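**Q** Here's a structure for you.
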Amino acid sequence: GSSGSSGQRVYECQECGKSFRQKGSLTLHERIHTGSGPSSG
Ligand SMILES: [Zn+2]
């Protein structure tokens, strides 16, 4: 925290909730996630 960069960010799925060490890992996970938009309207 003193000697270095503070904070951290990870590619966590904001749909089901899944952390991915790699960036592509999440991108490929989006495949199963096919539903961008409302349903009851
Ligand atoms: Zn997901």
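Order determines the names: the first chain of the structure tokens is A, the second B, and so forth; residues in each chain are numbered 1 upward, and ligands are numbered 1 upward as they are shown.
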Residues at most 8 Å from residue 26 (chain A), counting only C-alpha atoms, excluding those fewer than 6 positions away in the same chain, as number ranges by chain?

**A** A: 11-13, 19-20

**Q** I'd like a table as CSV: residues in chain A with an atom no more than 10 Å from ligand 1, each row giving the shortest atom pair and its distance in Å to one decimal, only C-alpha atoms and all ligand atoms counted, sorted by chain and rising residue number.

**A**
residue,atom,partner,partner_atom_place_in_ligand_line,distance
A:12,CA,ligand 1,1 (Zn),8.2
A:13,CA,ligand 1,1 (Zn),4.8
A:14,CA,ligand 1,1 (Zn),6.6
A:15,CA,ligand 1,1 (Zn),4.9
A:16,CA,ligand 1,1 (Zn),4.1
A:17,CA,ligand 1,1 (Zn),5.6
A:18,CA,ligand 1,1 (Zn),5.8
A:19,CA,ligand 1,1 (Zn),8.8
A:26,CA,ligand 1,1 (Zn),7.8
A:27,CA,ligand 1,1 (Zn),9.7
A:28,CA,ligand 1,1 (Zn),9.9
A:29,CA,ligand 1,1 (Zn),6.3
A:30,CA,ligand 1,1 (Zn),6.4
A:31,CA,ligand 1,1 (Zn),9.0
A:32,CA,ligand 1,1 (Zn),7.6
A:33,CA,ligand 1,1 (Zn),6.4

**Q** Keeping N, CA, C and O atoms for every residue in the selection just given, could you write it to a file as an mmCIF file, in the first residue's frame?

**A**
data_model
loop_
_atom_site.group_PDB
_atom_site.id
_atom_site.type_symbol
_atom_site.label_atom_id
_atom_site.label_comp_id
_atom_site.auth_asym_id
_atom_site.auth_seq_id
_atom_site.Cartn_x
_atom_site.Cartn_y
_atom_site.Cartn_z
ATOM 1 N N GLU A 12 -15.151 -9.614 -12.929
ATOM 2 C CA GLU A 12 -16.210 -10.389 -12.294
ATOM 3 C C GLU A 12 -17.528 -10.231 -13.048
ATOM 4 O O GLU A 12 -17.952 -9.115 -13.352
ATOM 5 N N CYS A 13 -18.169 -11.354 -13.348
ATOM 6 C CA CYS A 13 -19.437 -11.344 -14.068
ATOM 7 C C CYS A 13 -20.499 -10.574 -13.287
ATOM 8 O O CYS A 13 -20.750 -10.859 -12.116
ATOM 9 N N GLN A 14 -21.118 -9.598 -13.944
ATOM 10 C CA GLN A 14 -22.152 -8.788 -13.311
ATOM 11 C C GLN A 14 -23.543 -9.287 -13.689
ATOM 12 O O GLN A 14 -24.505 -8.521 -13.699
ATOM 13 N N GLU A 15 -23.639 -10.576 -13.999
ATOM 14 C CA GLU A 15 -24.912 -11.177 -14.380
ATOM 15 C C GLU A 15 -25.278 -12.319 -13.436
ATOM 16 O O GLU A 15 -26.399 -12.388 -12.932
ATOM 17 N N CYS A 16 -24.324 -13.215 -13.204
ATOM 18 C CA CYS A 16 -24.544 -14.356 -12.323
ATOM 19 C C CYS A 16 -23.624 -14.289 -11.107
ATOM 20 O O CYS A 16 -23.953 -14.803 -10.038
ATOM 21 N N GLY A 17 -22.470 -13.652 -11.279
ATOM 22 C CA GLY A 17 -21.520 -13.530 -10.189
ATOM 23 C C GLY A 17 -20.419 -14.568 -10.260
ATOM 24 O O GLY A 17 -20.479 -15.596 -9.584
ATOM 25 N N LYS A 18 -19.408 -14.303 -11.081
ATOM 26 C CA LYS A 18 -18.288 -15.221 -11.239
ATOM 27 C C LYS A 18 -16.995 -14.459 -11.515
ATOM 28 O O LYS A 18 -16.917 -13.669 -12.455
ATOM 29 N N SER A 19 -15.982 -14.705 -10.690
ATOM 30 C CA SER A 19 -14.693 -14.041 -10.843
ATOM 31 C C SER A 19 -13.809 -14.793 -11.833
ATOM 32 O O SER A 19 -13.766 -16.024 -11.834
ATOM 33 N N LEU A 26 -13.775 -14.182 -18.882
ATOM 34 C CA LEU A 26 -15.093 -13.582 -18.702
ATOM 35 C C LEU A 26 -15.776 -13.356 -20.048
ATOM 36 O O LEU A 26 -16.977 -13.587 -20.193
ATOM 37 N N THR A 27 -15.002 -12.906 -21.030
ATOM 38 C CA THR A 27 -15.532 -12.649 -22.364
ATOM 39 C C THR A 27 -16.164 -13.904 -22.954
ATOM 40 O O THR A 27 -17.212 -13.839 -23.599
ATOM 41 N N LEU A 28 -15.523 -15.046 -22.730
ATOM 42 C CA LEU A 28 -16.024 -16.317 -23.240
ATOM 43 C C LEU A 28 -17.223 -16.795 -22.428
ATOM 44 O O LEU A 28 -18.078 -17.524 -22.932
ATOM 45 N N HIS A 29 -17.281 -16.379 -21.167
ATOM 46 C CA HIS A 29 -18.377 -16.763 -20.285
ATOM 47 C C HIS A 29 -19.673 -16.070 -20.695
ATOM 48 O O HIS A 29 -20.764 -16.593 -20.474
ATOM 49 N N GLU A 30 -19.543 -14.889 -21.292
ATOM 50 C CA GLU A 30 -20.705 -14.123 -21.731
ATOM 51 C C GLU A 30 -21.523 -14.913 -22.748
ATOM 52 O O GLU A 30 -22.705 -14.639 -22.957
ATOM 53 N N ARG A 31 -20.887 -15.894 -23.378
ATOM 54 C CA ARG A 31 -21.554 -16.723 -24.375
ATOM 55 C C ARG A 31 -22.857 -17.293 -23.823
ATOM 56 O O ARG A 31 -23.923 -17.116 -24.414
ATOM 57 N N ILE A 32 -22.764 -17.978 -22.689
ATOM 58 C CA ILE A 32 -23.936 -18.573 -22.057
ATOM 59 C C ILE A 32 -24.928 -17.501 -21.619
ATOM 60 O O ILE A 32 -26.107 -17.784 -21.402
ATOM 61 N N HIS A 33 -24.444 -16.269 -21.493
ATOM 62 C CA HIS A 33 -25.290 -15.154 -21.084
ATOM 63 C C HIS A 33 -25.862 -14.431 -22.301
ATOM 64 O O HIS A 33 -25.231 -13.528 -22.852
#

**Q** Using DSSP secondary structure from the backbone, list all alpha helix (DSSP H) positions within chain A, as a tab-separated table (two decimals) with N, CA, C and O atoms, in the first residue's frame.

**A**
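The resulting states.tsv:
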chain	number	residue	atom	x	y	z
A	23	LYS	N	-8.90	-11.95	-18.44
A	23	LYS	CA	-9.91	-11.09	-19.05
A	23	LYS	C	-10.76	-11.87	-20.05
A	23	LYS	O	-11.98	-11.76	-20.06
A	24	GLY	N	-10.09	-12.65	-20.89
A	24	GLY	CA	-10.80	-13.44	-21.89
A	24	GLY	C	-11.75	-14.45	-21.27
A	24	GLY	O	-12.79	-14.76	-21.83
A	25	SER	N	-11.38	-14.96	-20.10
A	25	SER	CA	-12.20	-15.95	-19.40
A	25	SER	C	-13.63	-15.45	-19.25
A	25	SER	O	-14.59	-16.20	-19.47
A	26	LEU	N	-13.78	-14.18	-18.88
A	26	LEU	CA	-15.09	-13.58	-18.70
A	26	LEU	C	-15.78	-13.36	-20.05
A	26	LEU	O	-16.98	-13.59	-20.19
A	27	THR	N	-15.00	-12.91	-21.03
A	27	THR	CA	-15.53	-12.65	-22.36
A	27	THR	C	-16.16	-13.90	-22.95
A	27	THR	O	-17.21	-13.84	-23.60
A	28	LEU	N	-15.52	-15.05	-22.73
A	28	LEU	CA	-16.02	-16.32	-23.24
A	28	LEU	C	-17.22	-16.80	-22.43
A	28	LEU	O	-18.08	-17.52	-22.93
A	29	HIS	N	-17.28	-16.38	-21.17
A	29	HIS	CA	-18.38	-16.76	-20.28
A	29	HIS	C	-19.67	-16.07	-20.69
A	29	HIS	O	-20.76	-16.59	-20.47

**Q** What gap, in Å, lies between CA of residue 22 (chain A) and CA of residue 10 (chain A)?

**A**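 Computing it gives 8.4 Å between the two atoms.
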
**Q** Check chain A with DSSP on the backbone and list each residue it calls strand (DSSP E or B), as a list in words.

**A**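 The strand (DSSP E or B) subset of chain A is residues 11, 12, 19 and 20 of chain A.
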